[PDB]
Asks: 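After the structure tokens below, expect a handful of questions from me.
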Amino acid sequence: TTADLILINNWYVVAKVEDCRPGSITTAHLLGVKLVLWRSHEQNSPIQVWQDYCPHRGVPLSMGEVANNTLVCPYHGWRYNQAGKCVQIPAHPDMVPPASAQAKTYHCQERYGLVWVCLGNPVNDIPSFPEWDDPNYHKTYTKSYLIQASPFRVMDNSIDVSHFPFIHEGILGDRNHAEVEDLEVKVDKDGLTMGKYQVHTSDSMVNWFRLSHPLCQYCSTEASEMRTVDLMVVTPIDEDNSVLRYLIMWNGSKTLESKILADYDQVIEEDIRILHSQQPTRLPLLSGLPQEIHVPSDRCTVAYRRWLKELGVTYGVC
Amino acid sequence: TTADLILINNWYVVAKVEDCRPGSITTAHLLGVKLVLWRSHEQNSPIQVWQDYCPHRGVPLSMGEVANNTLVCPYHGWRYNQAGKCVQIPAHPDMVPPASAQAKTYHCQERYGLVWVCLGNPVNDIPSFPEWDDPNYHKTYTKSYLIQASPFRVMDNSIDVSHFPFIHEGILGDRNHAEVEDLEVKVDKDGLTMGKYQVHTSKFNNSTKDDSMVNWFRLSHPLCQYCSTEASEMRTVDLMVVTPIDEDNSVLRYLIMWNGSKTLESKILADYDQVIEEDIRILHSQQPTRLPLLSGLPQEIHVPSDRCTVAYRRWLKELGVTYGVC
Amino acid sequence: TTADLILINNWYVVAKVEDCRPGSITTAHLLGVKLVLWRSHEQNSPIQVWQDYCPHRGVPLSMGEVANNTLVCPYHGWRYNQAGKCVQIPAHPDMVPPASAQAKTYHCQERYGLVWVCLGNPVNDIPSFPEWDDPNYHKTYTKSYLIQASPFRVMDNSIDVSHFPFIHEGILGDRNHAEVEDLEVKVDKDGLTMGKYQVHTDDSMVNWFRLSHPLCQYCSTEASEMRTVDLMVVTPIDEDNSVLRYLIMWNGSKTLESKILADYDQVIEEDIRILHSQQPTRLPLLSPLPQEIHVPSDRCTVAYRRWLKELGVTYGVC
Ligand SMILES: N=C1N[C@H]2[C@H](COC(N)=O)NC(=N)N3CC[C@H](O)[C@]23N1
Ligand SMILES: N=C1N[C@H]2[C@H](COC(N)=O)NC(=N)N3CC[C@H](O)[C@]23N1
Ligand SMILES: N=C1N[C@H]2[C@H](COC(N)=O)NC(=N)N3CC[C@H](O)[C@]23N1
Ligand code: FES
Ligand code: FES
Ligand code: FES
Ligand SMILES: [Cl-]
Ligand SMILES: [Cl-]
Ligand SMILES: [Cl-]
Ligand SMILES: [Cl-]
Ligand SMILES: [Cl-]
Ligand SMILES: [Cl-]
Ligand SMILES: [Cl-]
Ligand SMILES: [Fe+3]
Ligand SMILES: [Fe+3]
Ligand SMILES: [Fe+3]
């Protein structure tokens with residue numbers, strides 16, 4: 001991977017736990033690295049997340065099979081244990097496999113029902129999500145959305161609030177209330193925080209959000225009769241491509257789940273129409289030819305660009 | 001755009017006027033640039049031609065809407081007046097938009113029912129088409145042909161006459177009458193001219209006399225050709241316009257006028273379409289894509305019947321064209 | 001072309017003679033060069049192999065037609081004789097074509113029912129195939145296989161024997177017999193030879209093979225008094241793409257032919273599954289994604305990589 005160290009050392013969601021069943025092999029793609037995810041058939045077995053590559057002759061291990069707590073390459077049958085060490089070369093069954101016979105392994109943790117991966121050296125914890133432990137809140141997951149846009153443009157779009165009346169009219173916006181009041185934004189060691197903001201839907205909700213790290217956002221909305229939170233997680237496939245997922249929790253009736261998912265789906269697809277059209281693909285930082293213009297209601301998206309530059313992000317941006 | 005200045009400062013057709021209704025938003029591409037063409041809902045409203053790009057967050061303005069004689073970006077609703085100046089930012093409705101909030105605008109003229117665009121500073125006039133105002137002549141437009149070939153190879157193939165008996169058997173030639181007489185070619189202050197040339201066509205109607213077509217053409221600029229043909233009963237002229245999408249891709253259109261019966265329009269359009277598609281089969285195949293000028297594949301060979309296509313290549317070098325050529 | 005002179009000056013198969021009937025026009029691609037193959041309508045006419053290019057206005061001659069003993073370009077009807085000389089320019093029927101009016105022609109020989117081409121100046125003869133002349137041997141031909149992999153990776157995969165029990169189980173091995181004996185490998189002026197080797201399916205066969213040149217392999221298998229030999233010929237389309245063909249001869253029953261053809265098709269498709277997945281695309285050579293690992297049963301594929309470097313191959317390898 002050629003991503004910046006600041007990106008390499010963070011945790012990213014790559015899958016839902018429910019999709020990584022015992023005995024299964026699945027794949028993902030993170031910061032330009034192809035990943036294989038596997039579990040032994042044993043109940044409660046851990047998830048291994050490795051680079052999807054057999055170092056013998058360069059075959060994807062995801063093309064193999066899980067047997068007896070090992071992942072077995074399809075080409076010459078080399079067997080790799082849970083730690084990624086080759087323990088058996090069938091052509092030479094009494095030989096001790098060379099030390100180089102070892103899959104590239106990465107850090108993996110399950111949290112909030114999601115599979116989190118760190119390709120580097122974890123310097124931080126997985127982002128917090130306080131309502132996960134609050135049994136007054138129900139939970140639901142959106143499907144995943146594959147987006148042909150930089151992961152930082154994806155997050156930029158979700159920090160933006162002034163677009164609501166124009167592409168989310170009815171759910172998040174009112175074309176008769178397109179004015180945007182003064183925004184409160186802070187960037188510090190807790191990350192990027194937008195203060196409480198009044199949303200007009202054509203009722204009136206109060207919204208705020210925080211990003212402790214650049215590609216995960218915690219979003220909180222209070223309506224009249226209900227509070228809705230979510231954890232937005234962007235998988236940075238590479239500089240130009242993203243996966244998007246939401247874990248949503250709410251303290252109203254359980255029966256609202258389908259309507260919530262439907263509203264999110266409508267809004268997300270409205271945003272994707274814009275995201276797929278933006279040029280340049282990578283997010284421009286502060287300094288397809290004219291440079292970006294910023295107005296006061298861009299205060300939070302300007303702060304996001306400033307934050308990325310302070311962090312040293314060069315991957316997925318321009 | 002890496003196009004040469006001599007190309008940037010010229011006029012090119014990007015659309016037919018009749019396909020650009022009031023209130024409409026049309027996309028096109030020219031010399032590597034993405035364009036948006038829009039009109040207000042007022043009748044006889046002019047056509048604006050701008051780079052298709054909102055300078056706020058980089059969204060195509062063509063994804064927006066036309067309202068109150070402005071083009072409105074879909075993302076945050078900034079409204080751009082006919083001059084391309086942002087006159088309204090909805091998030092801050094009492095704020096004067098910054099002077100930088102301005103679309104890149106280009107020159108547009110309507111002429112002969114065609115939308116002409118100049119991306120630079122118009123040195124030249126739009127090419128002349130004398131029959132346009134002659135009521136003895138009817139008019140028709142071909143469809144637009146999208147061609148995966150350099151615009152200069154598209155025009156090279158229209159200047160070429162010796163191919164007629166081989167890929168246009170019937171409408172423009174016959175394979176047993178393939179010899180090419182000496183050609184009159186001039187490159188001068190009027191551009192490139194091929195003088196009157198006898199075209200030998202295959203007979204179709206056995207009751208009638210030979211067609212005995214005499215053709216000539218002139219290019220005052222390198223991607224527009226004025227073509228004139230006298231046949232047995234009538235004169236047919238056309239204006240051929242090549243849109244240089246980029247170095248390797250072209251749109252081709254003809255405006256055709258004739259002083260015979262209006263009822264011939266179907267035969268004319270079908271004959272043009274048959275010939276054009278025969279030419280496209282060759283154009284798509286030619287390598288290198290870009291037109292070789294005079295100087296790993298071997299060099300082009302030239303014979304006497306290539307006099308006008310050689311002259312075209314020499315003219316392009318004189319003009320300084322480097323874009324779409326090699 | 002950017003291919004090495006050592007590759008340019010060798011012979012490659014580009015077609016089966018059965019693919020090129022009298023009067024036909026066919027295309028092929030070799031070392032980056034587009035080829036046209038044509039024959040006059042006469043009985044037993046020779047095959048011309050030229051660069052697929054009319055030097056007048058750059059049209060592929062393969063879009064033309066064969067007329068008399070000439071290939072006629074579709075655009076302006078220039079006529080090229082069997083030597084590639086333009087003999088008629090129809091616009092100027094009494095004019096002697098300029099000397100430059102000439103197709104680029106290549107060396108071509110038919111041998112073993114295959115069309116061999118040398119783009120350069122051939123320093124070697126076409127490889128030997130002793131059984132061709134033996135009336136005790138029947139012959140058959142596989143179809144041609146277009147493979148999105150380097151021609152040197154295709155040949156590497158056919159030199160590899162330890163993969164037999166894992167991707168060719170039931171034809172060339174089985175997983176209960178995966179151990180690989182000490183291999184006999186020699187590289188000298190004859191090229192690369194693998195000495196006789198036991199193949200499992202007693203239930204066993206004896207195999208050996210030899211490459212006089214890097215992209216053609218002679219292979220010999222004996223089992224139950226029947227012998228099967230083949231000539232494997234790889235067409236190096238460019239650095240990343242190959243055509244694969246086999247000429248097979250055997251001295252058992254004629255009725256084995258469809259079974260032989262079916263077995264080869266299964267094995268080849270089993271190999272293509274692996275070949276298409278391998279990264280990098282080009283064959284990695286030895287060094288003086290992690291680097292390849294080599295174990296004793298890789299002795300002959302290691303020797304292949306060593307040979308290619310010693311020959312100075314840079315095209316299709318890394
Ligand atoms: N973390 C985030 N979740 C999304 C949900 C969408 O809400 C609904 N109801 O669809 N809520 C919200 N205010 N936004 C604004 C940007 C993005 O759509 C999002 N950010
Ligand atoms: N400006 C041009 N219009 C075309 C028409 C086609 O006429 C018909 N009847 O199909 N006439 C003509 N002589 N040619 C030669 C090249 C190209 O097809 C063209 N040039
Ligand atoms: N020259 C070669 N021909 C092929 C045939 C395949 O045999 C069958 N029966 O399909 N025989 C053989 N031993 N191999 C090993 C590699 C490659 O499949 C091949 N090499
Ligand atoms: S490539 Fe994986 S065992 Fe050989
Ligand atoms: S991107 Fe056009 S108004 Fe914001
Ligand atoms: S391009 Fe082949 S004869 Fe003109
Ligand atoms: Cl297991
Ligand atoms: Cl729940
Ligand atoms: Cl961070
Ligand atoms: Cl993050
Ligand atoms: Cl309007
Ligand atoms: Cl305001
Ligand atoms: Cl050699
Ligand atoms: Fe949105
Ligand atoms: Fe033509
Ligand atoms: Fe194999």
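We name chains A, B, ... by the order of the sequence lines, and we start the count at 1 in each one. Excluded from the calculations below are hydrogen atoms, water molecules and symmetry mates; all remaining heavy atoms, backbone and side chain alike, are included.
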Asks: Only pairs at least two apart or in different chains count here, so list each ring pair (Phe, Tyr, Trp, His ring centres under 6.0 Å) that has a residue in residues 36-57 of chain B.
Replies: B:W38-B:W50, B:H56-B:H76, B:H56-B:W78

Asks: Heavy-atom distances under 4.5 Å only: say whether A:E270 touches chain B with side chain, backbone, both or neither.
Replies: neither

Asks: Please identify each residue that fulfils side-chain hydrogen bond (donor to acceptor under 3.5 Å, both in side chains) with B:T243, with sequence neighbours left out.
Replies: B:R253

Asks: Within a 6.0 Å radius of atom CG on B:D125, are there more than 12 heavy atoms belonging to other residues, nucleotides or ligands?
Replies: no

Asks: Distance check, rounded to the nearest 0.5 Å: B:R57 atom CZ versus A:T301 atom OG1?
Replies: 4.0 Å

Asks: If you look at every heavy atom in B:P74 and A:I167, which pair is closest and at what distance?
Replies: O-CG2, 3.3 Å

Asks: So which part of A:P165 gets closer than 4.5 Å to some heavy atom of chain B, the side chain, the backbone, both or neither?
Replies: neither

Asks: Check the surroundings of atom NZ in B:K16: do more than 12 heavy atoms from other residues, nucleotides or ligands lie under 6.0 Å from it?
Replies: yes

Asks: If the contact rule is any heavy atom under 4.5 Å from chain B, which residues of residues 186-223 of chain A qualify, in numerical order?
Replies: none

Asks: Examine whether an atom of B:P98 lies under 4.5 Å from a heavy atom of chain A, and if so say whether it belongs to the side chain, the backbone or both; otherwise answer neither.
Replies: side chain

Asks: Looking only at heavy atoms, which of residues 302-318 of chain A get nearer than 4.5 Å to chain B?
Replies: A:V302, A:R305

Asks: Which bit of A:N157 is near chain B, if near means a heavy-atom gap under 4.5 Å: side chain, backbone, both or neither?
Replies: both

Asks: Please report the closest heavy-atom contact between A:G288 and B:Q51, naming both atoms and the distance.
Replies: N-NE2, 4.0 Å

Asks: Can you name the nearest heavy-atom pair linking B:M95 to A:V295, along with the distance?
Replies: CE-CG1, 4.1 Å

Asks: I'd like to know if the side chain of A:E292 and the backbone of B:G58 have a donor-acceptor N/O pair within less than 3.5 Å.
Replies: no

Asks: Nearest 0.5 Å, what's the CD-SG distance between A:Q278 and B:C54?
Replies: 10.0 Å

Asks: Which heavy atom of B:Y75 sits nearest to which heavy atom of A:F166, and what is that distance?
Replies: O-CB, 3.5 Å

Asks: Near B:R21 CZ, under 6.0 Å, is it more than 12 heavy atoms from other residues, nucleotides or ligands?
Replies: no

Asks: Chain B heavy atoms under 4.5 Å from A:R273: which part of the residue, side chain, backbone, both or neither?
Replies: both

Asks: Are more than 12 heavy atoms, taken from residues, nucleotides or ligands other than B:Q43, located less than 6.0 Å from that residue's CD atom?
Replies: yes

Asks: Quick one: are A:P290 and B:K104 in side-chain contact, heavy atoms under 4.5 Å?
Replies: no

Asks: So which atom in A:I293 and which in B:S100 form the shortest heavy-atom distance, rounded to 0.1 Å?
Replies: CD1-O, 3.3 Å

Asks: Below 4.5 Å, heavy-atom pairs only: which of B:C73, B:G77, B:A101 has the largest tally toward chain A?
Replies: B:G77

Asks: Which answer fits A:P284, side chain, backbone, both or neither, if we ask what part of it has an atom under 4.5 Å from a heavy atom of chain B?
Replies: neither

